[PDB]
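Listed below, chain by chain, are the residues.
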Amino acid sequence: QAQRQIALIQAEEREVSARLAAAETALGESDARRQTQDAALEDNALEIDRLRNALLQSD
Amino acid sequence: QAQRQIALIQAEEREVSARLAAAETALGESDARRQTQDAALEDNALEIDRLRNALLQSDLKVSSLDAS
Amino acid sequence: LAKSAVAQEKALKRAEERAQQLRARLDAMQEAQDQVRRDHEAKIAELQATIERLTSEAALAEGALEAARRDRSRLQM
Amino acid sequence: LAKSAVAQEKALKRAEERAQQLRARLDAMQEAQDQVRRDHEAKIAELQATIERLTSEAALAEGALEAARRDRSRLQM
Amino acid sequence: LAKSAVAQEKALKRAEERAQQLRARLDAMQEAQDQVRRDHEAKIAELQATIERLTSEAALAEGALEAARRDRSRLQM
Amino acid sequence: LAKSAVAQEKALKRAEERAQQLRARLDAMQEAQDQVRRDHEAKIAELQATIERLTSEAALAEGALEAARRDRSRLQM
Amino acid sequence: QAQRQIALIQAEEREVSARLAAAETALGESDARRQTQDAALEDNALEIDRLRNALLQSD
Amino acid sequence: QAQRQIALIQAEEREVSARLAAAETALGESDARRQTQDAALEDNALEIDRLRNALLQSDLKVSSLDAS
Amino acid sequence: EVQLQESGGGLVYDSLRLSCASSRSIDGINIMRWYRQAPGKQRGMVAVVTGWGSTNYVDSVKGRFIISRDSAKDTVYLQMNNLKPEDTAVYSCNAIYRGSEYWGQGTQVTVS
Amino acid sequence: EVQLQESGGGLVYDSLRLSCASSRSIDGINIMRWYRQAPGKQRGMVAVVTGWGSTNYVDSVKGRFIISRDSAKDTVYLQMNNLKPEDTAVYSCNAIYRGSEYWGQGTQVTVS
Amino acid sequence: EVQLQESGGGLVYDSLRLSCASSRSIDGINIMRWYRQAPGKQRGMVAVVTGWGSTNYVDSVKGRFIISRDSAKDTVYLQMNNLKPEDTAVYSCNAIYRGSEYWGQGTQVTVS
Amino acid sequence: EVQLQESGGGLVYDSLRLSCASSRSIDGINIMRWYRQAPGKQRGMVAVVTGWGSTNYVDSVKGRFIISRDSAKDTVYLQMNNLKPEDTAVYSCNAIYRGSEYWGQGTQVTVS
């Protein structure tokens, strides 16, 4: 029965390590890009806010 | 020893509902918010183009009229 | 497409560090065979000799020392 | 430049399988050591045991060839 | 038969010194194989790697650097 | 005692063949080294030579790939 | 031709070493025993020389 | 080198007519002298026994006569 | 000098081989290799093997062209499988003994 | 525990064998050996072999009795050749696993 | 792991020298080579030394560079004289141990 | 070649000790053993130690001798107490390296 509990412990930890490895790399970069995409899109979000005034001045 | 490998299993199961789940629960956070900003970028592009082109559409009167 | 072009440029540069970072552990732990087991094979050979001589030494010590001894103690005859 | 991301998409993809493929060999080499690390635990004992009661026969067999060898001197001389 | 009996007694004692005296040179010069040639086998393996990589390094250096270079200098077309 | 020389004649004879037999193996092991000591003289050269004009091709082949590569910068930029 | 002269040099020296080895061991001990056999036999050579007087005194 | 192995051969042939022969010539010395003393030992034993036994043969008169 | 009287190629569309035989020196084999060339251009190698079972390929001939050894005959086996249209070329095997390189004929392989 | 169901002997005057078979442990073979004994006396070995091809003999059985291994069946081969008159005896093979020694029957060889 | 160490930077209008030392795995060196890098451009060999110290270079420096070794101290040297302002590049010595390559920091040589 | 070194001589009517040290090939020791020699008589084992330090002796000294090792210093020890004047002999420690045996000078132990 010692081999029985052991048989899972390498089996489980490998599945455990996989989800520790995968989720950590899954979350990280996509988090880095999301904040940039927020920065990327919200800075030229005022671009429409600047031009809507520029449209109304002359129209 | 065999029982201290038995003790690990519960704590190992504690670690997955712990950090393991925290990572999973954070996954739903990003993709949900990603779709909000991703879909908005199309809409924000849609809102920009109508008045960026109208800028060109409406301004054109600045020069043509001045001939008069 | 400046931020998209730049993004992939910094994107690749980390996975190519993992390329070394995962062949770093591989190079080390692979050396854990080339010497640890290879000498571990030698000690078996070293311990192997003693099972060759305790048989040779007892070869004279069991037969010859009893082919004549119990012959010599045949005083019962 | 417009397609230059397309080329840089594949290095972002190819380097991913070099991460995927390589860790598999890291998976294998671990039990290529651990299972052997259970084999070189039994071999020493199973080999050392067949010696640890070989000296106990190299000696006790001489007990008959020394406790009874003290008798020959009574008559040989 | 005292001098004849004694003569053989001192006679054997020198040839049994040659028994060691001729297995002395044998034990030494036989060790001149177990390390001198065995490591001499290793240096061949050590030098053997460089003929594996100069082919691998030139594998990219000869084909790829000429599959596109002479393609690039097709300005004659 | 009368026959005791007869027994001691054979050790004077047996130790003689142990001298005779053993020197024969000393005869053999000498050319078991010398002839091999001519084999491990040619192998190094025949192996090192096939490298000493491999770097002379790893370089001169790049001469075409560097003396002609200076021309692409005139038009690519 | 270098191998030709060499072919004899190991061939000759081995035959040479054999007769250096054999003759040296052949001569030596037989010389040691001969001087002893001289000593062994010449000391009781006077044994007859002593008794020939002892015979003549009484006879 | 090959010629200095050639030079050795003559000197090697000089060494055999030298010490090599000195040992051979000494071999005839011992066996010749060995046979002289070996054969003599039989003769010296032959010369001893005739007068060692005559010692017993002739002395016997010392005691038997004294009875008279 | 070797006589690498090579052969095995063809001029077709399904499964081919490049077998470079021997004439002397049964596995006196140090570095030995192959070359191809396209007309109007100079030479180039295809795949190279070394007497230690180590084999490496240039990028193109991967997955379709296979090189393997056979010391029992001294005839390097360079199988031509999955002959793609680009594989049209002129080929020739190679070897190096004593330092002085040696060459042979080779043949013309044209598959489209 | 092994079952060394040994056999092969005989009771004659020309060429015999002592073959000690196996029951388990195909070359789980550490030190393993043979014993003989003459009636009215206790036991004694004849020849011993070890799993490393090293073989040694007691003085008597030299030149006439030969011991050799066969791992493909786990049946030590102890050939009985040139059966001299003294070779009359009672024999039995031996082995040692886990430390705890094991024995069998053996047979009676009587050649005069 | 193994380490390298470069040296030899300098400018003139003409006296100059380079050196590339190592502190570990000393003389355990099969083929090792030298490189130069054009700014913002690729990288290629310039000079090499080997086990037997044979002499051969890249065609650009025939009659220009002389390269020599010390087995003990592990610092190979090159002779740079009669420079032409067009030889300037970024240099980084090279070495291959056990079949694996090993680069160092890298330096430049400029004349102008 | 390898060397040994004995020690431990002494007399009483009762306190006594023995030691057998070595200066080379330290701890490179498989089975090594101890002996005693009766004057003008033969030689035989008395006590042994091995790789695992297992305890076993000759029947004459069951409950009489205690033997113990130091792996580092290479000097095995024996416990000699409650002596009987009939144990006197000539002692010489033993060791077998690489399968070959190696004797030393030899000493005696006397009580009377």
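Reading the values: the criteria
Along every chain, residues receive numbers from 1 upward following the written sequence, which is not necessarily the numbering found in the entry; those without coordinates are excluded from display. To label them, take the chains in the order written and letter them from A, then take the ligands in the order written and number them from 1. The basis for every side-chain value is the complete set of non-hydrogen atoms in the structure, without hydrogens or water. Here, a salt bridge means any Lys or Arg side-chain nitrogen found within 4 Å of an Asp or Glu carboxyl oxygen. Secondary structure is summarised from DSSP: a helix means a run of H or I of at least four residues, a strand means a run of E of at least two, and numbering begins at the N terminus for each. Relative accessibility decides the category of a residue: with a 1.4 Å probe and only protein chains considered, values under 20% of the type maximum give buried, values over 50% give exposed, and everything between is partly exposed. Each copy is placed on the others by a least-squares superposition of C-alpha atoms. We call two residues contacting when some pair of their heavy atoms lies within 4.5 Å. Note on disulfides: each one is a pair of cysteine sulfur atoms within 2.5 Å. What gets called buried area is simply the loss in accessible area from a 1.4 Å probe that two parts show on being joined, summed for both.

This entry, as listed in the PDB, derives from cryo-EM and reports a resolution of 4.8 Å.

A.B. asks: Looking at this structure, I do not really get the pattern of salt bridges. What am I missing?
C.D. replies: Side chains that differ in sign of charge can pair as their charged atoms come close. Tallied over the entire structure, the rule returns 48 salt bridges over all chains. Ionic pairing is found between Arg38 of chain D and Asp34 of chain D, a salt bridge with its closest N-O pair at 2.9 Å. With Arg38 of chain D and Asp34 of chain D both in helix 1 (residues 4-52) and 4 residues apart, the pair spans about one turn of that helix. Overall, the relative accessible area of 33% leaves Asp34 of chain D in the partly exposed class. Linking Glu86 of chain K and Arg70 of chain F is a salt bridge whose minimum nitrogen-to-oxygen distance equals 3.5 Å. Pair noted here: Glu86 of chain K is in the loop between strand 6 (75-80) and strand 7 (89-91) and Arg70 of chain F is in the loop between helix 2 (55-67) and helix 3 (72-76), and the two residues belong to different chains. The residues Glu86 of chain K and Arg70 of chain F share a single accessibility class, namely exposed. The structure contains a network of salt bridges with shared partners spanning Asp31, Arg34 and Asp38 of chain B.

A.B. asks: Looking at this structure, how should I read the relation of the copies chain C and chain D?
C.D. replies: One copy of the chain maps onto the other through a rotation about an axis plus a displacement along that axis. In screw terms, the move from chain C to chain D is a rotation of 173 degrees and a rise of 0.5 Å along the axis, fitting with an RMSD of 2.2 Å. A high fraction, 85%, of the interface residues of chain C reappear at the interface in chain D, so the copies pair face to face through one surface.

A.B. asks: Which parts of the structure should I look at to understand the state of the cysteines?
C.D. replies: By definition, a disulfide links the sulfur atoms of two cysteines through a covalent bond. Residue and element names in this part refer to chain I. What the rule picks out here adds up to 4 disulfides over all chains. Residue pairing for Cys20: its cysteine sulfur links by disulfide to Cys93, the two sulfurs lying 2.0 Å apart. Residues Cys20 and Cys93 are joined by a disulfide whose S-S torsion is about 50 degrees; by sign, that bridge is right-handed. Of the two residues, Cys20 sits in strand 1 (residues 15-20) while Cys93 sits in strand 7 (residues 89-96), which places them 73 residues apart along the sequence. Across this residue pair, the class does not change: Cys20 and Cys93 are buried.

A.B. asks: What should I look at first to understand the interface of chain B and chain A in this one?
C.D. replies: Each partner contributes to the interface: chain B provides 25 residues, whereas chain A provides 22 residues. Taking both sides of the interface into account, the surface hidden between chain B and chain A amounts to around 2100 Å²; carbon and sulfur atoms contribute 69%. When the buried area of chain B at its contact with chain A is split by residue, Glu12, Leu20 and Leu51 of chain B rank highest and sum to 23% of it. Notably, a salt bridge pairs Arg52 of chain B with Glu47 of chain A, separated by 3.5 Å at the nearest N-O pair.

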